[PDB]
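These notes are about the structure you will find just below.
Cβ placement follows ideal geometry from the backbone for every residue including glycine, while neighbour counts extend to all protein chains displayed. What is reported rests on the model, the rules as stated and the sources as named; nothing here is a laboratory result.
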Ligand SMILES: N=C(N)NC(=O)c1nc(Cl)c(N)nc1N
């Protein structure tokens with residue numbers, strides 16, 4: 001997250017930190033995710049497409065820091081890694097960038113709700129917030145394009161939803177963005193999601209209710225003028241989400 005502020009997991013209880021195990025014992029951060037139900041985490045397919053091995057992933061819930069433990073956090077293995085069949089990636093754009101991760105603890109149990117661990121509501125069929133609506137994003141992603149390391153503390157920022165028409169302009173993304181995607185950015189181009197924030201949530205207060213409106217998917221650079229963040233439109237994937245869960 002470029003700009004924005006440091007926050008704690010208590011403020012983003014549905015946030016899931018996904019790591020990959022390596023040979024030797026070195027674990028590295030992969031992407032963000034969201035707890036949609038006690039046993040299910042939703043993320044982006046591009047995060048796992050190159051290494052589809054469920055055994056190599058570790059999902060953390062209730063975690064505020066990247067490389068240190070947080071009181072009340074819970075560790076989970078991945079029981080089932082469901083990637084979208086029609087996933088494809090063009091020059092910039094990622095299509096059908098959505099993934100489901102069925103989680104289970106060592107004891108075979110799912111997530112147990114607490115002050116630092118909660119689920120987020122999915123949207124209604126084709127019912128998104130009107131454009132111009134403010135939404136928040138969270139992640140352990142880069143703070144600047146020039147950084148090679150990720151921030152140690154979780155961050156968040158607020159961005160505004162941009163209409164499909166505006167995002168399809170020539171100077172923006174043109175015909176690369178589709179109706180299955182959502183654009184969002186800071187009107188002043190100061191804050192934005194970046195590398196590392198992928199798979200994380202785009203949360204919008206819809207009709208007095210926190211709703212998972214999008215999943216961080218792609219963008220040209222980070223916080224660049226006329227280059228909004230692009231998110232997977234959760235409302236258009238409800239049939240797919242329900243059929244696999
Ligand atoms: N402007 C944005 N919102 N950009 C990104 O979200 C993003 N950028 C880069 Cl450079 C990347 N590797 N992954 C991303 N998800």
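Summary of values
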quantity: So residue 103, is it more than 16 Å from the ligand (Cβ to nearest atom), touching a strand residue (DSSP E or B) at 6+ places or on another chain (Cβ under 6 Å) and assigned to a loop (DSSP other than H, G, I, E, B); calculated: no
quantity: Those residues of region 192-213 which are free of Cβ contacts under 8 Å to residues at least 60 places away in the same chain and within 16 Å of the ligand (Cβ to nearest atom), in sequence order; calculated: 195
quantity: Lone unmet requirement of (1) part of a loop (DSSP other than H, G, I, E, B); (2) within 7 Å of the ligand (Cβ to nearest atom) for residue 216; calculated: (1)
quantity: Scope region 115-159; condition within 16 Å of the chain's Cα centre (by Cα) and part of a strand (DSSP E or B); matching residues; calculated: 121, 135, 136, 137, 138, 139, 155, 156, 157, 158, 159
quantity: Residue among 64, 43, 88 that is on the phi < 0 side of the Ramachandran plot, crowded, with 23+ Cβ neighbours inside 10 Å and over 15 Å from the mean Cα position of the chain (by Cα); calculated: 64
quantity: Matching residues in region 170-179 - criterion: being more than 16 Å from the ligand (Cβ to nearest atom) and assigned to a loop (DSSP other than H, G, I, E, B); calculated: 170, 178, 179
quantity: Some residue of region 124-132 being in contact (Cβ under 8 Å) with a residue 40 or more places away in the chain, surrounded by 14 or more Cβ atoms within 10 Å (Cβ to Cβ) and within 12 Å of the ligand (Cβ to nearest atom); calculated: no
quantity: Any hit, region 183-191, residues being without any contact (Cβ under 8 Å) to a residue 12 or more places away in the chain, assigned to a loop (DSSP other than H, G, I, E, B) and within 15 Å of the ligand (Cβ to nearest atom); calculated: yes
quantity: Scan of region 1-11 for residues that are under 21 Å from residue 219 (Cβ atoms) and either assigned by CATH to the domain that holds residue 76 or assigned to a strand (DSSP E or B) (or both), ordered by number; calculated: 2, 5
quantity: Residue within region 138-157 that is in contact with a strand residue (DSSP E or B) (Cβ under 7 Å, 6 or more places away or on another chain), free of Cβ contacts under 8 Å to residues at least 60 places away in the same chain, exposed (fewer than 13 other Cβ atoms within 10 Å of the Cβ) and within 20 Å of residue 184 (Cα to Cα) present; calculated: no
